[PDB]
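Okay, structure18.txt now, which holds compact mmCIF, C-alpha atoms:
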```
# COMPACT_ATOMS: atom_id res chain seq x y z
CA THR A 1 -60.97 -124.37 130.99
CA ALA A 2 -60.66 -120.62 130.18
CA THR A 3 -58.51 -118.61 132.58
CA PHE A 4 -58.62 -115.01 133.85
CA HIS A 5 -55.53 -112.76 133.75
CA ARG A 6 -54.87 -109.36 135.28
CA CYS A 7 -51.91 -107.07 135.86
CA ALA A 8 -49.83 -108.08 138.89
CA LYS A 9 -48.98 -104.39 139.48
CA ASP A 10 -52.18 -103.29 141.27
CA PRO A 11 -51.81 -99.52 140.43
CA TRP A 12 -51.83 -100.30 136.68
CA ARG A 13 -55.05 -102.39 136.59
CA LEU A 14 -58.03 -101.04 134.65
CA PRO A 15 -61.03 -103.07 135.89
CA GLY A 16 -64.22 -102.86 133.89
CA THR A 17 -62.70 -103.47 130.42
CA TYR A 18 -61.62 -106.93 129.31
CA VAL A 19 -60.03 -108.53 126.29
CA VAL A 20 -61.85 -111.79 125.58
CA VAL A 21 -59.49 -113.99 123.58
CA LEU A 22 -60.98 -116.88 121.66
CA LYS A 23 -59.33 -120.19 120.74
CA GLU A 24 -57.00 -120.25 117.72
CA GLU A 25 -58.72 -120.50 114.32
CA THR A 26 -62.06 -119.17 115.74
CA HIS A 27 -63.81 -117.49 112.80
CA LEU A 28 -65.00 -113.85 112.85
CA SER A 29 -68.64 -115.02 112.63
CA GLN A 30 -68.14 -117.11 115.81
CA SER A 31 -66.43 -114.19 117.64
CA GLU A 32 -69.50 -112.06 116.84
CA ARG A 33 -71.88 -114.84 118.06
CA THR A 34 -69.91 -115.29 121.29
CA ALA A 35 -70.00 -111.52 121.97
CA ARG A 36 -73.77 -111.58 121.34
CA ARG A 37 -74.21 -114.50 123.79
CA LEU A 38 -72.23 -112.59 126.44
CA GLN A 39 -74.36 -109.48 126.01
CA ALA A 40 -77.61 -111.51 126.18
CA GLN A 41 -76.54 -113.51 129.24
CA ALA A 42 -75.34 -110.35 131.00
CA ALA A 43 -78.67 -108.60 130.17
CA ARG A 44 -80.63 -111.61 131.57
CA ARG A 45 -78.65 -111.14 134.82
CA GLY A 46 -79.35 -107.38 134.88
CA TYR A 47 -76.04 -106.02 133.59
CA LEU A 48 -75.15 -103.61 130.83
CA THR A 49 -72.28 -104.50 128.44
CA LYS A 50 -70.70 -102.75 125.48
CA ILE A 51 -68.58 -104.39 122.77
CA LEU A 52 -65.85 -101.82 122.04
CA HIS A 53 -63.94 -103.73 119.37
CA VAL A 54 -64.02 -107.04 117.53
CA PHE A 55 -60.57 -108.53 116.85
CA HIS A 56 -59.80 -110.42 113.69
CA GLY A 57 -56.62 -110.83 111.66
CA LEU A 58 -54.07 -111.08 114.45
CA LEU A 59 -55.95 -112.75 117.36
CA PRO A 60 -59.68 -113.66 117.51
CA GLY A 61 -61.84 -112.12 120.21
CA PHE A 62 -63.28 -108.83 121.36
CA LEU A 63 -62.91 -105.96 123.82
CA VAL A 64 -65.82 -105.55 126.24
CA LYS A 65 -66.77 -102.92 128.82
CA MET A 66 -68.66 -104.72 131.60
CA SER A 67 -68.72 -105.35 135.35
CA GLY A 68 -66.11 -107.77 136.68
CA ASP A 69 -69.09 -109.56 138.31
CA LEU A 70 -69.68 -111.12 134.85
CA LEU A 71 -66.24 -112.79 134.62
CA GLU A 72 -67.35 -116.23 135.91
CA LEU A 73 -70.16 -116.24 133.32
CA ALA A 74 -67.86 -115.07 130.47
CA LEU A 75 -65.19 -117.69 131.30
CA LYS A 76 -67.78 -120.44 130.69
CA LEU A 77 -68.43 -119.45 127.03
CA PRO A 78 -67.14 -122.47 125.05
CA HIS A 79 -64.92 -120.64 122.46
CA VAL A 80 -63.09 -118.59 125.12
CA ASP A 81 -59.38 -119.32 125.54
CA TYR A 82 -58.77 -116.66 128.24
CA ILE A 83 -59.94 -113.22 129.45
CA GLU A 84 -57.56 -110.41 130.41
CA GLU A 85 -58.43 -107.29 132.39
CA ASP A 86 -57.10 -104.17 130.66
CA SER A 87 -54.10 -102.41 132.19
CA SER A 88 -51.88 -99.40 131.61
CA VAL A 89 -48.71 -99.16 129.55
CA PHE A 90 -46.17 -96.32 129.76
CA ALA A 91 -43.52 -94.55 127.75
CA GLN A 92 -40.03 -95.73 128.74
CA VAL B 1 -37.64 -101.57 105.08
CA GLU B 2 -40.02 -99.65 107.30
CA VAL B 3 -39.93 -98.98 111.00
CA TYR B 4 -43.35 -98.77 112.67
CA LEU B 5 -43.38 -96.75 115.90
CA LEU B 6 -46.20 -97.20 118.45
CA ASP B 7 -45.83 -94.25 120.80
CA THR B 8 -47.05 -90.69 121.53
CA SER B 9 -48.07 -88.24 118.82
CA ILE B 10 -45.12 -86.99 116.68
CA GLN B 11 -44.07 -83.49 115.50
CA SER B 12 -43.68 -84.88 111.96
CA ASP B 13 -42.29 -81.66 110.51
CA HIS B 14 -39.46 -81.20 113.03
CA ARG B 15 -36.41 -80.52 110.83
CA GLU B 16 -34.52 -83.54 112.14
CA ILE B 17 -37.19 -86.01 110.92
CA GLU B 18 -39.12 -84.09 108.22
CA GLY B 19 -40.06 -86.49 105.44
CA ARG B 20 -39.28 -89.66 107.41
CA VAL B 21 -42.48 -90.39 109.27
CA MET B 22 -45.72 -91.26 107.59
CA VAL B 23 -48.25 -90.66 110.36
CA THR B 24 -50.86 -93.43 110.10
CA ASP B 25 -54.58 -93.10 110.82
CA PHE B 26 -54.16 -95.07 114.08
CA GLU B 27 -54.97 -93.47 117.40
CA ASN B 28 -56.19 -95.25 120.57
CA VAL B 29 -55.28 -93.52 123.80
CA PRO B 30 -56.76 -93.11 127.28
CA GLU B 31 -58.22 -89.75 128.36
CA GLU B 32 -55.87 -86.80 128.99
CA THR B 33 -53.01 -79.54 132.88
CA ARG B 34 -53.20 -77.28 129.76
CA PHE B 35 -49.37 -76.90 129.72
CA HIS B 36 -48.87 -80.68 129.60
CA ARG B 37 -51.51 -81.02 126.80
CA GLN B 38 -49.81 -78.58 124.37
CA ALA B 39 -48.50 -80.20 121.19
CA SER B 40 -44.83 -79.57 122.11
CA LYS B 41 -45.28 -81.65 125.27
CA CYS B 42 -47.66 -84.29 123.79
CA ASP B 43 -45.16 -84.97 120.99
CA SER B 44 -42.01 -85.12 123.09
CA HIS B 45 -41.37 -88.83 123.56
CA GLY B 46 -42.22 -90.08 120.07
CA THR B 47 -40.47 -87.19 118.30
CA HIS B 48 -37.22 -87.92 120.17
CA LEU B 49 -37.42 -91.64 119.26
CA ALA B 50 -38.27 -90.99 115.62
CA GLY B 51 -35.06 -88.87 115.62
CA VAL B 52 -33.00 -91.65 117.23
CA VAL B 53 -34.08 -93.99 114.47
CA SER B 54 -34.13 -91.76 111.36
CA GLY B 55 -32.89 -88.28 112.16
CA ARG B 56 -30.67 -86.43 109.73
CA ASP B 57 -28.05 -85.26 112.22
CA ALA B 58 -28.41 -87.80 115.04
CA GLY B 59 -30.20 -90.85 113.65
CA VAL B 60 -28.81 -94.37 113.83
CA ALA B 61 -30.44 -95.24 110.46
CA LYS B 62 -30.37 -91.75 108.90
CA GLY B 63 -33.14 -91.40 106.32
CA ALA B 64 -35.09 -94.51 107.37
CA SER B 65 -38.74 -94.66 106.40
CA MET B 66 -41.06 -94.79 109.44
CA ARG B 67 -44.80 -95.12 110.11
CA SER B 68 -46.31 -93.88 113.40
CA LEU B 69 -49.28 -95.13 115.42
CA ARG B 70 -50.50 -93.18 118.46
CA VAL B 71 -50.96 -95.48 121.48
CA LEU B 72 -49.69 -93.13 124.24
CA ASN B 73 -51.47 -89.98 125.40
CA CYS B 74 -49.85 -86.58 126.24
CA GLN B 75 -48.57 -87.98 129.56
CA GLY B 76 -47.04 -91.05 127.86
CA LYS B 77 -49.83 -93.38 129.08
CA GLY B 78 -51.59 -96.04 127.04
CA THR B 79 -53.55 -99.24 127.51
CA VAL B 80 -52.84 -102.86 126.67
CA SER B 81 -56.09 -102.85 124.65
CA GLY B 82 -55.12 -99.78 122.61
CA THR B 83 -51.67 -101.22 121.98
CA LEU B 84 -53.29 -104.53 120.90
CA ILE B 85 -55.61 -102.75 118.48
CA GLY B 86 -52.52 -100.91 117.11
CA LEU B 87 -50.71 -104.21 116.56
CA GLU B 88 -53.79 -105.54 114.76
CA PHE B 89 -53.73 -102.41 112.56
CA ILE B 90 -50.15 -103.28 111.55
CA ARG B 91 -51.10 -106.90 110.80
CA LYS B 92 -53.99 -105.72 108.61
CA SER B 93 -51.64 -103.34 106.71
CA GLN B 94 -49.23 -106.31 106.12
CA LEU B 95 -52.03 -108.60 104.80
CA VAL B 96 -53.25 -106.08 102.17
CA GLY B 97 -40.40 -105.20 102.31
CA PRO B 98 -39.29 -106.38 105.77
CA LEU B 99 -40.96 -104.78 108.80
CA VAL B 100 -39.50 -103.56 112.09
CA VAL B 101 -42.01 -102.74 114.87
CA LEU B 102 -40.68 -100.53 117.68
CA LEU B 103 -42.60 -100.63 121.04
CA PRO B 104 -40.88 -98.16 123.39
CA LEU B 105 -43.31 -98.79 126.20
CA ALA B 106 -43.97 -101.18 129.07
CA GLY B 107 -46.68 -102.39 131.33
CA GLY B 108 -46.97 -105.39 133.61
CA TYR B 109 -46.69 -108.91 132.13
CA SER B 110 -49.66 -109.32 129.78
CA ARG B 111 -50.62 -112.66 128.30
CA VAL B 112 -52.48 -111.04 125.39
CA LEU B 113 -49.83 -108.42 124.55
CA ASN B 114 -47.17 -111.16 124.49
CA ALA B 115 -49.45 -113.37 122.36
CA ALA B 116 -50.05 -110.56 119.86
CA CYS B 117 -46.29 -109.91 119.61
CA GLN B 118 -45.69 -113.66 119.17
CA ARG B 119 -48.21 -113.81 116.30
CA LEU B 120 -46.45 -110.92 114.52
CA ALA B 121 -43.01 -112.56 115.04
CA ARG B 122 -44.36 -115.87 113.66
CA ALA B 123 -45.39 -113.91 110.54
CA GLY B 124 -41.80 -112.65 110.07
CA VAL B 125 -42.03 -109.25 111.80
CA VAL B 126 -39.01 -108.03 113.77
CA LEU B 127 -40.29 -106.47 117.03
CA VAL B 128 -38.06 -104.40 119.31
CA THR B 129 -39.13 -103.22 122.77
CA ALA B 130 -37.83 -101.36 125.79
CA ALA B 131 -36.79 -103.58 128.74
CA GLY B 132 -38.38 -101.06 131.16
CA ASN B 133 -36.90 -98.47 133.53
CA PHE B 134 -37.79 -100.05 136.90
CA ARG B 135 -34.42 -101.54 138.05
CA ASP B 136 -36.22 -104.87 138.05
CA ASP B 137 -36.54 -108.22 136.24
CA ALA B 138 -37.79 -107.52 132.69
CA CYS B 139 -39.65 -110.88 132.79
CA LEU B 140 -42.29 -109.11 134.95
CA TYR B 141 -43.15 -106.59 132.20
CA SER B 142 -44.65 -106.65 128.69
CA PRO B 143 -43.85 -106.63 125.85
CA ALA B 144 -40.34 -107.00 127.43
CA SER B 145 -41.07 -110.55 128.64
CA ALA B 146 -42.07 -111.87 125.19
CA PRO B 147 -39.28 -114.19 123.93
CA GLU B 148 -40.23 -113.38 120.29
CA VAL B 149 -39.52 -109.65 120.79
CA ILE B 150 -35.97 -108.21 120.91
CA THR B 151 -35.89 -106.73 124.43
CA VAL B 152 -33.41 -103.92 124.91
CA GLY B 153 -31.85 -102.70 128.12
CA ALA B 154 -29.94 -99.42 128.46
CA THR B 155 -26.17 -98.99 129.01
CA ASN B 156 -23.85 -95.93 128.92
CA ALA B 157 -20.52 -95.34 127.01
CA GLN B 158 -18.70 -97.43 129.69
CA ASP B 159 -21.15 -100.39 129.19
CA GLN B 160 -22.59 -99.89 132.70
CA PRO B 161 -26.36 -100.28 133.28
CA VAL B 162 -28.07 -96.86 133.21
CA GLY B 163 -32.56 -97.65 136.20
CA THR B 164 -32.63 -100.19 133.36
CA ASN B 165 -34.43 -103.46 133.80
CA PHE B 166 -32.27 -106.55 133.46
CA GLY B 167 -32.22 -110.34 133.50
CA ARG B 168 -32.98 -113.38 131.40
CA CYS B 169 -35.67 -111.61 129.36
CA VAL B 170 -33.28 -108.82 128.22
CA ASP B 171 -31.71 -109.84 124.89
CA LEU B 172 -29.14 -107.06 124.73
CA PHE B 173 -28.17 -103.65 126.05
CA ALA B 174 -27.75 -100.60 123.83
CA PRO B 175 -26.95 -96.88 124.33
CA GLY B 176 -29.59 -95.27 126.54
CA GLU B 177 -27.95 -92.49 128.56
CA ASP B 178 -28.05 -88.83 127.50
CA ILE B 179 -29.07 -89.64 123.94
CA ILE B 180 -29.22 -86.45 121.89
CA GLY B 181 -32.27 -86.31 119.65
CA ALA B 182 -35.07 -84.20 118.22
CA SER B 183 -36.94 -82.04 120.76
CA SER B 184 -40.50 -81.01 119.99
CA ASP B 185 -39.91 -77.72 121.92
CA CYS B 186 -39.11 -76.12 118.53
CA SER B 187 -38.57 -77.21 114.91
CA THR B 188 -34.75 -77.30 115.22
CA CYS B 189 -34.47 -78.05 118.98
CA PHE B 190 -32.56 -81.02 120.39
CA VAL B 191 -32.54 -82.58 123.87
CA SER B 192 -30.75 -85.47 125.56
CA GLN B 193 -32.95 -88.18 127.07
CA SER B 194 -32.19 -91.41 128.92
CA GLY B 195 -34.16 -94.63 129.00
CA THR B 196 -34.79 -98.07 127.62
CA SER B 197 -37.04 -96.45 124.95
CA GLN B 198 -33.96 -94.67 123.52
CA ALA B 199 -31.96 -97.93 123.66
CA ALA B 200 -34.75 -99.83 121.85
CA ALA B 201 -34.95 -97.12 119.16
CA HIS B 202 -31.17 -97.47 118.60
CA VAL B 203 -31.57 -101.23 118.06
CA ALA B 204 -34.55 -100.68 115.73
CA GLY B 205 -32.32 -98.43 113.60
CA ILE B 206 -29.55 -101.05 113.47
CA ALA B 207 -32.10 -103.74 112.53
CA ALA B 208 -33.59 -101.58 109.74
CA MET B 209 -30.15 -101.15 108.16
CA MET B 210 -29.31 -104.85 108.48
CA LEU B 211 -32.62 -105.82 106.83
CA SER B 212 -32.16 -103.28 104.03
CA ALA B 213 -28.76 -104.83 103.15
CA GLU B 214 -29.99 -108.42 103.52
CA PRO B 215 -33.80 -108.63 102.96
CA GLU B 216 -33.73 -112.42 103.35
CA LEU B 217 -32.13 -111.99 106.87
CA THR B 218 -34.46 -113.83 109.21
CA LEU B 219 -35.30 -112.83 112.83
CA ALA B 220 -33.20 -115.68 114.29
CA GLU B 221 -30.02 -114.64 112.37
CA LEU B 222 -30.67 -110.90 112.92
CA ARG B 223 -31.23 -111.35 116.65
CA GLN B 224 -27.87 -113.04 117.21
CA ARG B 225 -26.07 -110.39 115.13
CA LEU B 226 -27.69 -107.57 117.14
CA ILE B 227 -26.84 -109.32 120.43
CA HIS B 228 -23.22 -109.80 119.32
CA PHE B 229 -22.67 -106.19 118.14
CA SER B 230 -23.93 -104.81 121.49
```

Show me the file's structure as C-alpha cells.
Amino acid sequence: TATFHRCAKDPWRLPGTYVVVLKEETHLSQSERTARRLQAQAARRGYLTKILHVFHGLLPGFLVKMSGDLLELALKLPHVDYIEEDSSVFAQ
Amino acid sequence: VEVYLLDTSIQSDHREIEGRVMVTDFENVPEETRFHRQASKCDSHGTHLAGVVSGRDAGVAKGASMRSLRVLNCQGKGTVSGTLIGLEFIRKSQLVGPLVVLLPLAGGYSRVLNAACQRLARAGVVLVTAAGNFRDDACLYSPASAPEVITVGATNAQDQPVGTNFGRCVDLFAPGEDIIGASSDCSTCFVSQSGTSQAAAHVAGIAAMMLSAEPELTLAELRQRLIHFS
C-alpha cells in the first residue's frame, strides 16, 4: 500500500537519497527496526545503504542513501506510509 | 513572538539587523567559484530577508526577534531533506510565545515537505512561504502548495503581479518589487531585490506584529486578516 513520490520537475530530482516516511504514531524504536530491516535486506541483495538521519518528533521515518533499485523492496516494509526521492529547493 | 527563517547564511552583524537574529546551530546544505563562495555573496539572500522582517530602517516589524537556520547553500540551493530536518529542529525546540516560520524557498510539489508543514500548522505554528517566481501555478510547488501554509505572491505599488506564481494555492499578494533591504556587500549597505521571498518576508513581519498584540490570535483568524489587508 506504500507509494513512491518524486519531483515532477526532472532537473530538480536527486535520485539516490530517499525520505522513508512511516505511518502516523510509529514509535522511534520501530523506525530504527524498519531501517535495520531495509539495510539487511539490501545487503542480502548485494547493495550498500546508509541511514543519514532518523526522524522523530515531527514525522516518523528516516533518510537513506541507497540505489533506486531497492525502492520496490523498501515499499513492501509494513510500517512504510510512503517514500519520497529527495529533490532541490531554491531561494525565491 | 519569534520569526524563524530557513534560508542562506546571514551576516548577523550587518547594522540593519544587528541584535535581531539569533543564529541557531542548524545547518544542512548541499555541496558548494571562489567569488560566489565569499561570505558577502553566501549571506546575500537571507540577510536581505532578515532586514525586510526586522531591520531598523527598512523592516516591516522593526526590532522583531528572529532565529535563523541554514538550509540554502551559497548559490541559494537546498534540499527537501535538509529543509525537513530543519523543520524537525524547530519542532524539537518548541517541545522543550507564538511562532512564525518563514520559508522563502520553493521546489517542486513535495508530499513530505507539505506533510511536515501541515504537522507544524496543526501544532499552532504560523508558516509563511514564497509562492515561487516561475510565472506558473503555485499548486505545482512546495511548500507553496500546502494549504496550511500562508502562500505569498508578489505585487508592485500598483497591485500588479511582479514573474510571481499565482492561482488557487496563493493566499495573498504582498510587496515584492524593488524592496530595499540590508545588503551583505558591506555592514551598512542596502540593495533593492524583487521576488516572492521578499513578499513572504513582508507578510511574516505583519504576522509577527499581529501575534505580539494578540497572542491568542489563531492561524485561521490571522490568515483572513492578512488576506484582507493585502

Please write as JSON, numbers by chain the list of polymer residues whose atoms come within 10 Å of (-50.8, -105.8, 118.3), counting only C-alpha atoms and keeping to the coordinates of the file.
-> {"A": [58, 59], "B": [6, 80, 81, 82, 83, 84, 85, 86, 87, 88, 89, 90, 91, 101, 112, 113, 114, 115, 116, 117, 118, 119, 120]}

Chain B contacts on chain A, only C-alpha atoms, 9 Å, as number ranges by chain | A: 5-9, 12, 14, 17-19, 21, 53, 55-59, 63, 82-84, 86-92

Pick out the residues sitting within 10 Å of residue B:168, and hand them over as an mmCIF file with C-alpha atoms, in the frame of the given file; count all atoms listed in the file, and ignore anything fewer than 6 positions along from it in its own chain.
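Writing the result to result.cif gives the following:
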```cif
data_model
loop_
_atom_site.group_PDB
_atom_site.id
_atom_site.type_symbol
_atom_site.label_atom_id
_atom_site.label_comp_id
_atom_site.auth_asym_id
_atom_site.auth_seq_id
_atom_site.Cartn_x
_atom_site.Cartn_y
_atom_site.Cartn_z
ATOM 1 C CA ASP B 137 -36.540 -108.220 136.240
ATOM 2 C CA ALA B 138 -37.790 -107.520 132.690
ATOM 3 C CA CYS B 139 -39.650 -110.880 132.790
ATOM 4 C CA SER B 145 -41.070 -110.550 128.640
ATOM 5 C CA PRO B 147 -39.280 -114.190 123.930
#
```

If we count all atoms listed in the file, what is near residue A:65 at a cut-off of 9 Å, once residues fewer than 2 positions away on the same chain are taken out, given as a ChimeraX atom specification?
-> /A:16-18,48-52,63,67
